[PDB]
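Just below is one structure, and these are the notes that go with it.
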Amino acid sequence: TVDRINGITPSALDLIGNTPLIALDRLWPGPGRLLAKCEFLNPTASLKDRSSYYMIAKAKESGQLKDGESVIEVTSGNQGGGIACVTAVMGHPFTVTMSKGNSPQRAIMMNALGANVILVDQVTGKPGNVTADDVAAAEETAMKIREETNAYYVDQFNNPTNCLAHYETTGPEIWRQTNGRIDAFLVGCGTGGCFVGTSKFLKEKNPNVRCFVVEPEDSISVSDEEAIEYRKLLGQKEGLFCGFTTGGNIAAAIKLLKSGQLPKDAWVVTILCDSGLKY
Amino acid sequence: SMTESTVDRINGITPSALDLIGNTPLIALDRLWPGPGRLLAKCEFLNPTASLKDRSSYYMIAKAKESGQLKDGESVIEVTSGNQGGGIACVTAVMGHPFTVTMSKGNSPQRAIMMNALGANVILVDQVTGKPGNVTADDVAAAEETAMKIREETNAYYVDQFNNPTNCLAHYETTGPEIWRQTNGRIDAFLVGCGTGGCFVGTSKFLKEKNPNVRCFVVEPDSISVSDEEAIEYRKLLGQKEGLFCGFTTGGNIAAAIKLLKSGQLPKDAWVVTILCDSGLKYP
Ligand SMILES: *Cc1c(COP(=O)(O)O)cnc(C)c1O
Ligand SMILES: *Cc1c(COP(=O)(O)O)cnc(C)c1O
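Shown next, in the form of structure tokens:
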């Protein structure tokens, strides 16, 4: 019932989701149409605000996370900022572990949103190069803190409410905003929550909607070169500065539009995942 | 436009980044300020370049087009290292105007990243008196001289933000009216810092027409002063209590608004509105 346009937004939680669906009609002038969800307009400037809100809100509803108790996650990425935002508003202490090998830039927003950032010594890597063993040491620090404090472990890769977020919000919004006119959806996979949750909802509304995973070097392959080139083109043609994964989603969507696999007049929807300012 | 729009951002399709400019949320900072009275703030960090400058950027380009000073597909030039250069880059990108920007080599290269990502042609100009980190009056004057030379050859429209009347107009026609609508006419005080002064002058002029009793304050580094330490402290508290990462000028705005609420100068149940000017991500 919140009116963001003509009323008061009660908290940052009300800024999560209901993102614009922008038409990229200058980047792709036809035939057919390319549209993308503006997930860079979430309060921490990534789609992770949706999964962060769900994982914390559902842990609270189930009674697994009690009023004012501590939360822990291992991350260097957008999910840390998202959880920090939601825990800040809801009054949960938040601890985050990440390798000292990450750029200090990766901690700035999480720390500004009240996260207790624990930098964990690299085991095998050097600065700018966080290895599997570096991350395994940050996971081990987080499990030790969790055992010592009874903190709620968010467990982004194994938490089912991650994909529920996109099934209940992202999917329904796209369906509403297109008034059901959508031939294809595509996005890359980290947790896979956005792809799995959105696609499940869209396929329930229209089973003929074609859902594609964008796979970095059913699926569309994209190189770092394509991601970079289309990140730049999105900025030059649409005035939107997004991250590398957004560049790959645009490159993939344009390959799909030219493929002739869809009708000539196809409407294709993807995701603008985050702000280019997060890099 | 921003004022004649039938675009439904929530339940329909947003035609372009231009339609993302303005109509920003007015957020209640009820955890940072639990009462009595209320602190609210415009989320200008949710503009497409993550600053309030998208509003003045759109007005300056659209009015130059309307007047016939800037013709279809013609070039634009500005001297800037700031949020204004990102805003003008966004608007020129969508509207199909080649955009050139000169700035001193004394600026952090971070200041050019977004402008360049949005297709601005960034020309870096040799410092005349200053050192890296320290851009002087003469360093800036040399950037202006480079831009005037390029403008002589290209006939580019010069934005000239500090002398452009449409700068103020943007806030009189958009920011003020939005705040008045979003509060349903409940506002006892408005405050913001001054750069160009466009936001303060435009917003305050509108609010005073709607409610002559409204008190308008300039935030200075009448008026409310804040130390660097206060701006930093309240930037941190805005993040910790409200989950919003904004720039240093936003910290200054919140410190001033909290000082005003605590002063007892306004009624106990006063509603105070300020501006969350930009994202903390635009800094190091
Ligand atoms: C998380 C993330 C993704 C992938 O989203 P999942 O729902 O985790 O699969 C893509 N791009 C960016 C920038 C992300 O932060
Ligand atoms: C320009 C700017 C201001 C001041 O706004 P004016 O309308 O130019 O006075 C405040 N904060 C930020 C971040 C700005 O970029």
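Those protein sequence lines, which keep their order, are chains A and B. Taking the entry's author numbering, I'd label the letters of the first sequence as residues 5 to 221, 257 to 318. Taking the entry's author numbering, I'd label the letters of the second sequence as residues 0 to 220, 257 to 319. Cβ coordinates follow ideal geometry from the N, Cα and C atoms, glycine included.
Which residues share a DSSP beta bridge with residue 27/B? Numbered from its first residue, the second sequence carries residue 27/B at position 28. Bridge pairing for residue 27/B: 39/B [DSSP].
Using the beta-carbon of each residue, which ones in chain B are nearer than 8 Å to residue 277/A? Translated into positions along the first sequence, residue 277/A becomes position 238. By Cβ distance, chain B contributes 15, 16, 92, 93.
Answer yes or no: do residue 305/B and residue 138/B have a C-beta to C-beta separation smaller than 8 Å? As a first step, residue 305/B must be located in the second sequence, where it is residue number 270. As a first step, residue 138/B must be located in the second sequence, where it is residue number 139. The Cβ atoms of residue 305/B and residue 138/B do not sit closer than 8 Å to each other.
Measuring alpha carbon to alpha carbon, tell me which of 19/B, 37/B, 20/B ends up nearest residue 324/B. Since the first residue shown for chain B is 0 and the last is 319, residue 324/B is missing from the structure and cannot be characterised.
Count the other CB atoms within 10 Å of the CB of residue 136/B; is the residue buried (16 or more) or exposed (fewer)? Taking the first residue of the second sequence as 1, we reach residue 136/B at position 137. Counting every other CB atom within 10 Å of its CB across the protein chains shown gives residue 136/B a total below 16, marking it as exposed.
Alpha carbon to alpha carbon, how far is residue 263/A from residue 175/A? For the purposes of this step, residue 263/A is taken as residue 224 along the first sequence, with counting starting at 1. For the purposes of this step, residue 175/A is taken as residue 171 along the first sequence, with counting starting at 1. Taking the straight line from one Cα to the other gives about 27 Å.
Nearest residue (CA-CA) to residue 85/A, options 115/A, 259/A, 200/A, 166/A: Taking the first sequence and counting its residues from 1, one reaches residue 85/A at position 81. Among 115/A, 259/A, 200/A, 166/A, the Cα nearest to that of residue 85/A is on 115/A.
Of all the CB atoms in chain B, is at least one closer than 8 Å to the CB of residue 314/A? Here residue 314/A is taken as the residue at index 275 of the first sequence, counted from 1. It does: the Cβ of residue 314/A has a partner Cβ on chain B nearer than 8 Å.
Pairing CB atoms from the region 161-181 of chain A with CB atoms from the region 55-62 of chain A, are three or more of them under 8 Å? Yes: at least three Cβ pairs fall under 8 Å.
Does any residue of chain A have a CB that is nearer than 8 Å to the CB of residue 181/B? Numbered from its first residue, the second sequence carries residue 181/B at position 182. Yes, contact with chain A.
Quick check on the DSSP output: the beta strand (DSSP E) that includes residue 1/B runs from which residue to which? Taking the second sequence and counting its residues from 1, one reaches residue 1/B at position 2. Unbroken run through residue 1/B: none, as it is neither H nor E.
Going by the CB atoms, is the gap between residue 77/B and residue 96/B shorter than 8 Å? Taking the second sequence and counting its residues from 1, the one referred to as residue 96/B is at position 97. Taking the second sequence and counting its residues from 1, the one referred to as residue 77/B is at position 78. In this structure, residue 77/B does not lie closer than 8 Å to residue 96/B by Cβ.
Could you check which residue in 126/B, 286/B, 165/B, 203/B has the C-alpha nearest to that of residue 260/B? To locate residue 260/B, count along the second sequence from 1; it is residue 225. Comparing Cα-Cα distances from residue 260/B to each of 126/B, 286/B, 165/B, 203/B, the minimum goes to 286/B.
Please tell me whether, using a cut-off of 7 Å, the distance from the CB of residue 62/A to the nearest non-hydrogen atom of ligand 1 is below it. Taking the first residue of the first sequence as position 1, residue 62/A is located at position 58. Ligand 1 has no heavy atom closer than 7 Å to the beta-carbon of residue 62/A.
Does the contact criterion of 3 or more C-beta pairs under 8 Å hold for the region 47-55 of chain A versus the region 192-205 of chain B? Fewer than three beta-carbon pairs drawn from the region 47-55 of chain A and the region 192-205 of chain B are found closer than 8 Å, and the two stretches are therefore not classed as touching.
Under 7 Å by beta carbon: chain A residues contacting residue 35/B: On the second sequence, position 36 is the one that residue 35/B refers to. None at all; the shortest Cβ gap to chain A is about 17 Å.
Are there 16 or more other CB atoms within 10 angstroms of the CB of residue 161/B, so buried, or fewer, so exposed? The residue given as residue 161/B occupies position 162 in the second sequence. Residue 161/B comes out exposed.
For the region 104-131 of chain B, which residues have a beta carbon sitting closer than 9 Å to at least one beta carbon of chain A? Legend: CB atoms of the region 104-131 of chain B lying less than 9 Å from CB atoms of chain A belong to residues 112, 113, 115, 116, 117, 118.
Would you check if there are 3 or more beta carbon pairs closer than 8 Å linking the region 87-107 of chain A to the region 116-134 of chain A? Here the region 87-107 of chain A makes contact with the region 116-134 of chain A; the two share three or more CB pairs at distances below 8 Å.
Rounded to a whole number of angstroms, what is the C-alpha to C-alpha distance between residue 87/A and residue 275/B? Taking the first residue of the first sequence as 1, we reach residue 87/A at position 83. Taking the first residue of the second sequence as 1, we reach residue 275/B at position 240. Taking the straight line from one Cα to the other gives about 12 Å.
Run the proximity test for residue 311/A: is its beta-carbon closer than 7 Å to any non-hydrogen atom belonging to ligand 1? As a position in the first sequence, residue 311/A is number 272, starting the count at 1. Result no, Cβ not under 7 Å from ligand 1.
Residues sharing a beta bridge with residue 100/B, DSSP: One-based indexing of the second sequence puts residue 100/B at position 101. DSSP lists 77/B, 121/B as partners of residue 100/B.
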